[PDB]
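The data block below is data01.cif; it holds mmCIF, C-alpha atoms and all ligand atoms.
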data_data
#
loop_
_atom_site.label_atom_id
_atom_site.label_comp_id
_atom_site.auth_asym_id
_atom_site.auth_seq_id
_atom_site.Cartn_x
_atom_site.Cartn_y
_atom_site.Cartn_z
CA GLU A 1 -73.59 -64.68 -130.45
CA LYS A 2 -73.64 -62.39 -127.35
CA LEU A 3 -70.55 -62.00 -125.09
CA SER A 4 -70.85 -63.17 -121.48
CA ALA A 5 -69.51 -61.38 -118.38
CA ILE A 6 -69.17 -64.60 -116.31
CA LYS A 7 -69.05 -67.64 -118.69
CA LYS A 8 -65.90 -68.00 -120.89
CA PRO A 9 -64.22 -70.74 -122.97
CA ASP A 10 -61.71 -72.74 -120.88
CA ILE A 11 -58.27 -72.24 -122.49
CA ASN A 12 -54.58 -72.71 -122.10
CA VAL A 13 -53.73 -69.02 -122.05
CA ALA A 14 -50.09 -69.39 -123.31
CA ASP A 15 -51.16 -71.65 -126.18
CA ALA A 16 -54.14 -69.53 -127.24
CA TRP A 17 -52.09 -66.34 -127.45
CA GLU A 18 -49.24 -67.97 -129.34
CA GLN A 19 -51.81 -69.40 -131.79
CA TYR A 20 -53.21 -65.89 -132.29
CA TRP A 21 -49.82 -64.23 -132.72
CA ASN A 22 -48.50 -66.92 -134.99
CA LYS A 23 -51.59 -66.52 -137.21
CA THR A 24 -50.99 -62.75 -137.13
CA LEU A 25 -47.27 -63.19 -137.99
CA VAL A 26 -47.91 -65.63 -140.84
CA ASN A 27 -50.84 -63.82 -142.39
CA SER A 28 -50.27 -60.18 -141.51
CA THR A 29 -53.80 -59.70 -140.18
CA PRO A 30 -55.02 -56.62 -138.20
CA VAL A 31 -54.46 -56.36 -134.46
CA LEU A 32 -57.45 -54.87 -132.68
CA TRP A 33 -55.59 -52.99 -129.92
CA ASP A 34 -52.56 -51.91 -131.97
CA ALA A 35 -53.39 -48.19 -132.15
CA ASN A 36 -50.79 -45.65 -133.24
CA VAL A 37 -48.71 -44.40 -130.27
CA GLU A 38 -50.31 -40.96 -130.34
CA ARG A 39 -53.62 -42.53 -129.18
CA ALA A 40 -51.99 -45.11 -126.88
CA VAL A 41 -48.70 -44.78 -124.93
CA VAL A 42 -48.48 -41.01 -125.68
CA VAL A 43 -51.77 -40.65 -123.75
CA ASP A 44 -50.52 -42.96 -120.96
CA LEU A 45 -47.03 -41.51 -120.34
CA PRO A 46 -48.05 -38.24 -118.63
CA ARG A 47 -50.03 -40.30 -116.06
CA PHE A 48 -46.88 -42.00 -114.73
CA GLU A 49 -43.69 -40.34 -115.97
CA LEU A 50 -43.36 -38.01 -112.98
CA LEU A 51 -44.01 -40.96 -110.62
CA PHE A 52 -41.47 -43.55 -111.88
CA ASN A 53 -37.81 -43.57 -110.78
CA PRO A 54 -36.10 -43.73 -114.26
CA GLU A 55 -32.94 -45.30 -112.74
CA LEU A 56 -34.86 -48.60 -112.56
CA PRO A 57 -35.33 -50.78 -115.59
CA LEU A 58 -38.73 -50.42 -117.26
CA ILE A 59 -40.69 -53.52 -118.16
CA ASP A 60 -43.39 -53.42 -120.90
CA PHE A 61 -45.30 -56.36 -119.48
CA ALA A 62 -47.29 -58.32 -122.17
CA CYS A 63 -45.72 -56.07 -124.80
CA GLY A 64 -47.25 -57.88 -127.82
CA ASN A 65 -45.66 -56.74 -131.10
CA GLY A 66 -43.79 -53.92 -129.43
CA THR A 67 -45.52 -50.90 -130.90
CA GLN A 68 -45.66 -49.13 -127.51
CA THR A 69 -42.33 -50.55 -126.38
CA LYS A 70 -40.45 -48.73 -129.13
CA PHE A 71 -41.83 -45.38 -127.96
CA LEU A 72 -41.03 -46.15 -124.31
CA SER A 73 -37.44 -46.90 -125.35
CA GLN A 74 -37.09 -43.37 -126.78
CA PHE A 75 -37.85 -41.94 -123.30
CA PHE A 76 -36.38 -44.47 -120.81
CA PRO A 77 -32.76 -45.61 -120.67
CA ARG A 78 -33.52 -49.33 -120.41
CA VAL A 79 -36.62 -51.20 -121.58
CA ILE A 80 -37.44 -54.90 -121.40
CA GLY A 81 -40.43 -56.19 -123.39
CA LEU A 82 -41.92 -59.37 -121.93
CA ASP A 83 -44.56 -61.57 -123.54
CA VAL A 84 -45.74 -65.17 -123.35
CA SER A 85 -45.77 -65.48 -127.15
CA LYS A 86 -42.69 -66.21 -129.21
CA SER A 87 -44.49 -65.10 -132.39
CA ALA A 88 -45.40 -61.76 -130.75
CA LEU A 89 -41.72 -61.25 -129.89
CA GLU A 90 -40.72 -62.31 -133.39
CA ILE A 91 -42.85 -59.44 -134.79
CA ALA A 92 -41.49 -57.07 -132.08
CA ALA A 93 -37.85 -57.94 -132.71
CA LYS A 94 -38.33 -57.25 -136.39
CA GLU A 95 -40.50 -54.17 -136.41
CA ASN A 96 -39.66 -52.47 -133.10
CA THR A 97 -36.04 -53.04 -132.10
CA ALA A 98 -33.72 -50.52 -130.44
CA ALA A 99 -30.27 -50.70 -128.79
CA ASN A 100 -31.93 -50.25 -125.38
CA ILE A 101 -34.74 -52.74 -125.77
CA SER A 102 -34.48 -56.42 -124.83
CA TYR A 103 -37.39 -58.71 -125.72
CA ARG A 104 -37.72 -61.79 -123.56
CA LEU A 105 -40.18 -64.66 -123.23
CA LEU A 106 -42.11 -64.75 -119.96
CA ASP A 107 -45.34 -66.30 -118.81
CA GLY A 108 -47.09 -64.21 -116.15
CA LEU A 109 -49.00 -67.30 -114.99
CA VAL A 110 -45.70 -68.99 -113.97
CA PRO A 111 -44.35 -66.76 -111.16
CA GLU A 112 -41.01 -68.58 -110.98
CA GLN A 113 -40.15 -66.91 -114.32
CA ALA A 114 -40.72 -63.50 -112.75
CA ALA A 115 -38.54 -64.56 -109.82
CA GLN A 116 -35.75 -65.41 -112.31
CA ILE A 117 -36.00 -62.03 -114.04
CA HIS A 118 -36.06 -60.08 -110.75
CA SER A 119 -33.00 -62.04 -109.51
CA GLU A 120 -31.15 -60.66 -112.59
CA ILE A 121 -32.32 -57.04 -112.79
CA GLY A 122 -33.72 -56.06 -109.38
CA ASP A 123 -36.86 -54.04 -108.85
CA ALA A 124 -38.42 -52.80 -112.12
CA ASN A 125 -41.09 -50.28 -113.05
CA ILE A 126 -43.93 -51.71 -115.16
CA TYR A 127 -46.00 -50.44 -118.04
CA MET A 128 -48.87 -52.76 -118.87
CA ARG A 129 -51.44 -52.04 -121.58
CA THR A 130 -54.34 -54.50 -121.53
CA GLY A 131 -52.46 -57.34 -119.89
CA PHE A 132 -55.07 -58.31 -117.29
CA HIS A 133 -58.71 -57.96 -118.42
CA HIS A 134 -58.59 -60.99 -120.76
CA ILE A 135 -57.02 -63.28 -118.13
CA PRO A 136 -59.51 -65.84 -116.83
CA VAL A 137 -60.55 -64.77 -113.31
CA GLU A 138 -59.36 -68.00 -111.72
CA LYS A 139 -55.81 -67.39 -113.07
CA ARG A 140 -55.53 -63.72 -112.16
CA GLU A 141 -53.87 -64.26 -108.78
CA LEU A 142 -50.89 -65.91 -110.56
CA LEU A 143 -50.39 -62.83 -112.70
CA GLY A 144 -50.67 -60.63 -109.56
CA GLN A 145 -47.90 -62.80 -107.99
CA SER A 146 -45.64 -62.26 -111.03
CA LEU A 147 -46.18 -58.53 -110.99
CA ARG A 148 -45.57 -58.25 -107.24
CA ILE A 149 -42.28 -60.13 -107.70
CA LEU A 150 -41.08 -57.88 -110.56
CA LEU A 151 -41.95 -54.60 -108.79
CA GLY A 152 -40.49 -55.37 -105.35
CA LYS A 153 -40.51 -52.32 -103.06
CA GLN A 154 -39.22 -49.61 -105.36
CA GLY A 155 -41.02 -50.33 -108.60
CA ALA A 156 -44.25 -48.63 -109.70
CA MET A 157 -46.74 -49.97 -112.25
CA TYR A 158 -48.98 -48.14 -114.61
CA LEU A 159 -51.72 -50.35 -116.05
CA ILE A 160 -54.65 -49.58 -118.37
CA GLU A 161 -57.31 -52.24 -118.87
CA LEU A 162 -60.82 -52.60 -120.24
CA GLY A 163 -63.13 -51.57 -117.44
CA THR A 164 -66.71 -51.86 -116.23
CA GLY A 165 -68.99 -51.61 -119.22
CA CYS A 166 -66.62 -53.50 -121.51
CA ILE A 167 -69.03 -56.38 -122.25
CA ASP A 168 -72.04 -54.08 -122.66
CA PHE A 169 -70.00 -51.91 -125.03
CA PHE A 170 -69.20 -54.83 -127.33
CA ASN A 171 -72.68 -56.31 -127.08
CA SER A 172 -74.20 -52.94 -128.11
CA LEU A 173 -72.07 -53.10 -131.28
CA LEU A 174 -73.42 -56.61 -131.85
CA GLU A 175 -76.97 -55.44 -131.28
CA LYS A 176 -76.64 -52.34 -133.45
CA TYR A 177 -74.70 -53.87 -136.33
CA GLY A 178 -75.40 -57.64 -136.22
CA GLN A 179 -71.82 -58.78 -135.64
CA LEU A 180 -68.86 -58.01 -133.50
CA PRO A 181 -65.90 -56.11 -135.01
CA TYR A 182 -63.72 -58.17 -137.46
CA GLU A 183 -60.58 -57.43 -135.51
CA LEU A 184 -62.14 -58.68 -132.25
CA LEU A 185 -63.40 -61.82 -133.94
CA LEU A 186 -59.77 -62.41 -135.02
CA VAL A 187 -58.72 -62.78 -131.37
CA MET A 188 -61.84 -64.67 -130.20
CA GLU A 189 -61.20 -67.25 -132.89
CA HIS A 190 -58.61 -68.60 -130.40
CA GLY A 191 -60.93 -68.83 -127.36
CA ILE A 192 -59.59 -65.51 -125.94
CA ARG A 193 -62.26 -63.14 -124.58
CA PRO A 194 -62.19 -59.54 -123.44
CA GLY A 195 -63.05 -59.01 -119.79
CA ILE A 196 -63.27 -56.40 -117.01
CA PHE A 197 -60.62 -55.02 -114.57
CA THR A 198 -61.64 -52.58 -111.81
CA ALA A 199 -60.47 -50.58 -108.78
CA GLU A 200 -61.90 -53.44 -106.73
CA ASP A 201 -59.57 -55.85 -108.58
CA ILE A 202 -56.57 -53.72 -107.48
CA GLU A 203 -57.69 -54.28 -103.87
CA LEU A 204 -58.36 -57.99 -104.48
CA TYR A 205 -55.03 -58.86 -106.14
CA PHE A 206 -52.86 -56.12 -104.65
CA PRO A 207 -54.05 -55.45 -101.14
CA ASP A 208 -50.42 -54.63 -100.19
CA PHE A 209 -50.28 -51.80 -102.76
CA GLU A 210 -51.04 -48.07 -102.61
CA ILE A 211 -52.89 -46.51 -105.56
CA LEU A 212 -50.91 -43.35 -106.40
CA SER A 213 -53.31 -42.23 -109.09
CA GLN A 214 -56.21 -43.69 -111.07
CA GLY A 215 -58.88 -42.91 -113.61
CA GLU A 216 -61.08 -44.26 -116.40
CA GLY A 217 -61.43 -42.76 -119.89
CA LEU A 218 -61.27 -44.66 -123.16
CA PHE A 219 -59.19 -47.44 -124.70
CA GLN A 220 -58.23 -46.98 -128.34
CA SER A 221 -58.75 -49.74 -130.89
CA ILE A 222 -58.10 -49.75 -134.67
CA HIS A 223 -61.65 -50.84 -135.53
CA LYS A 224 -63.42 -48.15 -137.55
CA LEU A 225 -67.12 -47.70 -137.07
CA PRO A 226 -69.33 -46.65 -140.03
CA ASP A 227 -69.27 -42.93 -139.06
CA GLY A 228 -65.46 -43.12 -139.47
CA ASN A 229 -64.63 -42.95 -135.76
CA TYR A 230 -62.67 -45.68 -134.00
CA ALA A 231 -64.31 -48.06 -131.50
CA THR A 232 -63.19 -46.97 -128.04
CA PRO A 233 -64.30 -49.25 -125.16
CA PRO A 234 -64.28 -47.96 -121.56
CA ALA A 235 -60.93 -48.09 -119.76
CA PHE A 236 -59.72 -48.28 -116.19
CA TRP A 237 -56.18 -47.18 -115.31
CA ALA A 238 -54.06 -46.85 -112.20
CA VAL A 239 -50.54 -46.24 -110.96
CA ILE A 240 -49.73 -48.51 -107.97
CA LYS A 241 -46.68 -49.00 -105.74
CA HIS A 242 -46.12 -51.34 -102.76
CA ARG A 243 -47.21 -49.70 -99.50
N1 LIG B 301 -49.61 -65.29 -119.38
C1 LIG B 301 -49.04 -64.25 -120.03
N2 LIG B 301 -47.82 -63.77 -119.75
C2 LIG B 301 -47.30 -62.74 -120.48
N3 LIG B 301 -47.97 -62.18 -121.49
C3 LIG B 301 -49.19 -62.61 -121.86
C4 LIG B 301 -49.82 -63.66 -121.11
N4 LIG B 301 -51.05 -63.93 -121.66
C5 LIG B 301 -51.20 -63.08 -122.69
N5 LIG B 301 -50.11 -62.28 -122.80
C6 LIG B 301 -49.94 -61.21 -123.79
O1 LIG B 301 -50.79 -60.11 -123.50
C7 LIG B 301 -50.97 -59.30 -124.69
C8 LIG B 301 -52.41 -58.71 -124.71
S1 LIG B 301 -52.70 -57.68 -126.12
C9 LIG B 301 -51.89 -56.16 -125.60
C10 LIG B 301 -50.45 -56.03 -126.13
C11 LIG B 301 -49.65 -54.74 -125.84
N6 LIG B 301 -49.54 -54.43 -124.39
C12 LIG B 301 -50.25 -53.59 -126.62
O2 LIG B 301 -50.94 -52.75 -126.06
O3 LIG B 301 -50.06 -53.50 -127.86
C13 LIG B 301 -50.59 -60.24 -125.85
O4 LIG B 301 -49.39 -59.86 -126.49
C14 LIG B 301 -50.39 -61.60 -125.19
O5 LIG B 301 -49.51 -62.52 -125.88
CL CL B 302 -53.69 -71.46 -118.65
CO CO B 303 -46.44 -57.09 -100.18
#
Could I get this structure in the form of C-alpha cells?
Amino acid sequence: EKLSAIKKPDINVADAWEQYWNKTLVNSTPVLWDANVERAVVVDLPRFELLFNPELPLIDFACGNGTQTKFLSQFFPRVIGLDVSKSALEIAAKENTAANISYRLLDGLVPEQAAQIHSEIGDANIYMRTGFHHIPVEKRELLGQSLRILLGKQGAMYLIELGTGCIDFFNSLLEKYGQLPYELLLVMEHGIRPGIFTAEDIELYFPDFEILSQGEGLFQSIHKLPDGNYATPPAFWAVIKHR
C-alpha cells in the first residue's frame, strides 16, 4: 500500500539494517541505492573536494557495502568506512578493500562510539550518502550528535539525502505501475522506510554549523523503469562545517 510521510513502522534501527544486509550477503540480492560510481560519488566529489582539508582522515559514514568508499580511497590518503551492520562491512571488506581503507563498526545512534573514534583519530571530514533520510525522526538528534563529535571544528561534511518530494515520487510509481520497485520492497521488508531530509533539517540538527554550499538534483538508484531509464528520486545535498 501507499507510503506515509509521517507514520512509520517502529523499529530497532541497528537490528533492521543488519537483517537487511545479512539477507543481502547470504542471497546476493540487488541493492536499490548501489549505483555505479560514475552516477554516485563521481557526481558528488566536485561539490566538496576543493572544500575539504585532505590532511584529515575521511570518514564514509554509513558506507554500506563500500562501493563509494573504494573510489574515495583512490583520491584521499586515508579513508575509514563506518556502518552499523557487520554484514554490510563483511561485503565491503571482501569486495571493496584497499591498503588505505579501514572498515569499522559504529552505530550513529550511540554517540559514545563516535566519541571513541574521535579520541583516536581527531577531527575527520565526512562523506555521507543517504545516511539520514531513513532515520526515524525521533532518533535523528542522536545521529546529529555523533556527526558533530566526529567533525569537531576542522572537519567538513558532504551529505546527499532524499529530499522533499521523496514520498510523492515513490507513491507516483505505485499509482502508475501498481507496485513499488522490487529493490525498494527488498529494504522495506525489514521495516525500513525512505524519508525526507531538508535545508530546514540542517538548521534543526546543526544550528551550530555553517552551510558552505548546497543544492538539490537527483539521487541515482539501480531500479530500471519500463522506458529503460533508472528511477531517480529528488535529492538534497549540502556541505557543512562548524561555525
Ligand atoms: N545507526 C546507524 N549507524 C551507522 N550506520 C547506519 C545506521 N543505520 C543505518 N546505517 C547504514 O546506513 C546505510 C544506508 S544505505 C546507503 C549506503 C552507502 N552510503 C551507499 O550510498 O552505498 C546502510 O548501510 C545502513 O546499514
Ligand atoms: Cl533504534
Ligand atoms: Co557546536
Environment of ligand CO 303 (chain B) within 9 Å, counting all atoms listed in the file, reported as an MDAnalysis selection string: chainID A and resid 148 152:153 206:209 242:243
For those residues, write C-alpha atoms to a file as a compact mmCIF listing (two decimals), in the coordinates of the input.
# COMPACT_ATOMS: atom_id res chain seq x y z
CA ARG A 148 -45.57 -58.25 -107.24
CA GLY A 152 -40.49 -55.37 -105.35
CA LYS A 153 -40.51 -52.32 -103.06
CA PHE A 206 -52.86 -56.12 -104.65
CA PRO A 207 -54.05 -55.45 -101.14
CA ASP A 208 -50.42 -54.63 -100.19
CA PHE A 209 -50.28 -51.80 -102.76
CA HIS A 242 -46.12 -51.34 -102.76
CA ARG A 243 -47.21 -49.70 -99.50
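Proximal residues of ligand LIG 301 (chain B) are residues 13, 14, 17, 18, 33, 34, 61, 62, 63, 64, 65, 66, 67, 68, 82, 83, 84, 85, 88, 106, 107, 108, 109, 128, 129, 130, 131 and 135 of chain A, by a cut-off of 7 Å on all atoms listed in the file.
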Prev. selection, C-alpha atoms, output as a PDB file, keeping the file's coordinate frame:
ATOM      1  CA  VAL A  13     -53.730 -69.020-122.050  1.00  0.00           C
ATOM      2  CA  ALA A  14     -50.090 -69.390-123.310  1.00  0.00           C
ATOM      3  CA  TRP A  17     -52.090 -66.340-127.450  1.00  0.00           C
ATOM      4  CA  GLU A  18     -49.240 -67.970-129.340  1.00  0.00           C
ATOM      5  CA  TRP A  33     -55.590 -52.990-129.920  1.00  0.00           C
ATOM      6  CA  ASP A  34     -52.560 -51.910-131.970  1.00  0.00           C
ATOM      7  CA  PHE A  61     -45.300 -56.360-119.480  1.00  0.00           C
ATOM      8  CA  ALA A  62     -47.290 -58.320-122.170  1.00  0.00           C
ATOM      9  CA  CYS A  63     -45.720 -56.070-124.800  1.00  0.00           C
ATOM     10  CA  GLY A  64     -47.250 -57.880-127.820  1.00  0.00           C
ATOM     11  CA  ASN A  65     -45.660 -56.740-131.100  1.00  0.00           C
ATOM     12  CA  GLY A  66     -43.790 -53.920-129.430  1.00  0.00           C
ATOM     13  CA  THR A  67     -45.520 -50.900-130.900  1.00  0.00           C
ATOM     14  CA  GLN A  68     -45.660 -49.130-127.510  1.00  0.00           C
ATOM     15  CA  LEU A  82     -41.920 -59.370-121.930  1.00  0.00           C
ATOM     16  CA  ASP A  83     -44.560 -61.570-123.540  1.00  0.00           C
ATOM     17  CA  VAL A  84     -45.740 -65.170-123.350  1.00  0.00           C
ATOM     18  CA  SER A  85     -45.770 -65.480-127.150  1.00  0.00           C
ATOM     19  CA  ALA A  88     -45.400 -61.760-130.750  1.00  0.00           C
ATOM     20  CA  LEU A 106     -42.110 -64.750-119.960  1.00  0.00           C
ATOM     21  CA  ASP A 107     -45.340 -66.300-118.810  1.00  0.00           C
ATOM     22  CA  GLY A 108     -47.090 -64.210-116.150  1.00  0.00           C
ATOM     23  CA  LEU A 109     -49.000 -67.300-114.990  1.00  0.00           C
ATOM     24  CA  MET A 128     -48.870 -52.760-118.870  1.00  0.00           C
ATOM     25  CA  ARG A 129     -51.440 -52.040-121.580  1.00  0.00           C
ATOM     26  CA  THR A 130     -54.340 -54.500-121.530  1.00  0.00           C
ATOM     27  CA  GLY A 131     -52.460 -57.340-119.890  1.00  0.00           C
ATOM     28  CA  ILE A 135     -57.020 -63.280-118.130  1.00  0.00           C
TER      29      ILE A 135
END
CA of residue 217 in chain A to CA of residue 201 in chain A, straight-line distance in Å: 17.4 Å
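Going from CA of residue 20 in chain A over to CA of residue 189 in chain A, you cover 8.1 Å.
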Padding 4 Å on each side, edges along x, y and z: where is the centre of the box around the listed atoms of range 136-152 of chain A, and how long are its edges in Å to one decimal? Output it as JSON.
{"center_x": -50.5, "center_y": -61.3, "center_z": -111.1, "size_x": 28.1, "size_y": 21.4, "size_z": 19.5}
Within 8 Å of residue 170 in chain A using only C-alpha atoms, minus same-chain residues under 2 positions, as a PyMOL selection string: chain A and resi 3+166-168+172-174+180+233
Kindly export the residues of the current selection with C-alpha atoms, as a short mmCIF file (atom, residue, chain, number, x, y, z; two decimals), keeping the file's coordinate frame.
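Output (result-v8.cif):
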data_model
loop_
_atom_site.label_atom_id
_atom_site.label_comp_id
_atom_site.auth_asym_id
_atom_site.auth_seq_id
_atom_site.Cartn_x
_atom_site.Cartn_y
_atom_site.Cartn_z
CA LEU A 3 -70.55 -62.00 -125.09
CA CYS A 166 -66.62 -53.50 -121.51
CA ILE A 167 -69.03 -56.38 -122.25
CA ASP A 168 -72.04 -54.08 -122.66
CA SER A 172 -74.20 -52.94 -128.11
CA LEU A 173 -72.07 -53.10 -131.28
CA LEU A 174 -73.42 -56.61 -131.85
CA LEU A 180 -68.86 -58.01 -133.50
CA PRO A 233 -64.30 -49.25 -125.16
#
Shell of 9 Å around residue 102 in chain A, all atoms listed in the file, local chain residues under 6 positions omitted, as an MDAnalysis selection string: chainID A and resid 78:82 93
May I have the residues from that selection written out with C-alpha atoms, as a compact mmCIF listing (two decimals), keeping the file's coordinate frame?
# COMPACT_ATOMS: atom_id res chain seq x y z
CA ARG A 78 -33.52 -49.33 -120.41
CA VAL A 79 -36.62 -51.20 -121.58
CA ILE A 80 -37.44 -54.90 -121.40
CA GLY A 81 -40.43 -56.19 -123.39
CA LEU A 82 -41.92 -59.37 -121.93
CA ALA A 93 -37.85 -57.94 -132.71
Selected residue of minimal separation from residue 16 in chain A among A:191, A:111, A:181, A:163, counting all atoms listed in the file: A:191
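Compared by their closest atoms to ligand CL 302 (chain B), and using all atoms listed in the file, the residues A:57, A:228, A:136, A:215 rank with A:136 nearest.
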